[PDB]
Structures are given as structure tokens and as C-alpha cells.
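Chains as they are written, first to last, in the entry's author numbering: chain C, 3 to 49; chain B, 3 to 49. Beta carbons are placed, not taken as given, at the ideal position from N, Cα and C, and that holds for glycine. Take a look at the structure below.
There are 2 protein chains.
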Amino acid sequence: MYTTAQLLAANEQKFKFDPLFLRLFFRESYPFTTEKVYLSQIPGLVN
Amino acid sequence: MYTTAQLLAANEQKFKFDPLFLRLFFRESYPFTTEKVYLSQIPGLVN
């Protein structure tokens with residue numbers, strides 16, 4: 003019982019994580035108000 | 003009796019002792035007030 007025994011460390015050492023994909027290619031964000039979403043792409047290929 | 007001794011310079015002879023460890027990693031010091039010491043570390047692993 004005579005073992006008060008304070009500590010002096012709270013080491014987390016938890017992760018090695020940095021996305022860089024929400025920062026290098028996905029810089030622009032667009033909020034929604036509609037349930038459905040369209041994303042079209044017109045191709046160019048002539049005779 | 004008749005000696006007539008003259009003393010010249012002396013030597014030093016100290017160690018080649020430099021910590022490099024009480025100065026690089028152990029920079030922070032604490033005293034005690036308890037007997038035992040804990041060292042806790044939380045395993046940070048989210049799901």
C-alpha cells in the first residue's frame with residue numbers, strides 16, 4: 003500500500019498516417035443538396 | 003642535505019570522457035517523491 007508510485011510518461015506512439023490524396027489531386031470540394039448526381043464526359047473521335 | 007632541486011612543469015592526464023548521451027536523448031530531468039515509478043504508454047490503434 004506504501005507504493006504511491008507516480009509516473010512521468012504518457013507515450014502515445016500511435017500512427018504513421020498522412021493522406022496526401024485529399025491534398026494533391028482532390029483540392030476542390032462541392033457540397034450537395036440533391037439525392038442524385040450526374041457526371042458526364044463528352045468524347046472526341048472523328049472520322 | 004645539499005640537494006638544490008628545481009621543479010619544472012607538471013602533467014594533466016584527464017580522461018577522454020564526453021557523455022553524448024546525457025546531452026542528446028536524456029535532456030530532461032526529474033526528481034522523485036515516491037518509491038516506485040510507472041511508465042505508461044497507450045496503444046493508439048483506432049478502428
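Check                                                                                      : Outcome
Host alpha helix (DSSP H) of B:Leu-10 (start-end)                                          : B:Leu-10 -> no alpha helix (DSSP H), and no H or E assigned at all.
Nearest to B:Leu-47 (by Cα), restricted to the options C:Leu-9, C:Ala-7, C:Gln-8, C:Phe-19 : C:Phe-19
Closer than 7 Å: C:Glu-14 CB and nearest the ligand ADP heavy atom                         : Of the ligands one can find in the structure shown there are none, so the ligand ADP has no counterpart to examine.
For C:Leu-9, the nearest candidate out of B:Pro-45, B:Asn-49, B:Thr-35 (CA to CA)          : B:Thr-35
Within chain C, the residues that B:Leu-24 reaches when beta carbons sit closer than 9 Å   : Within 9 Å Cβ-Cβ: nothing; B:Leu-24 doesn't reach chain C, min ~17 Å.
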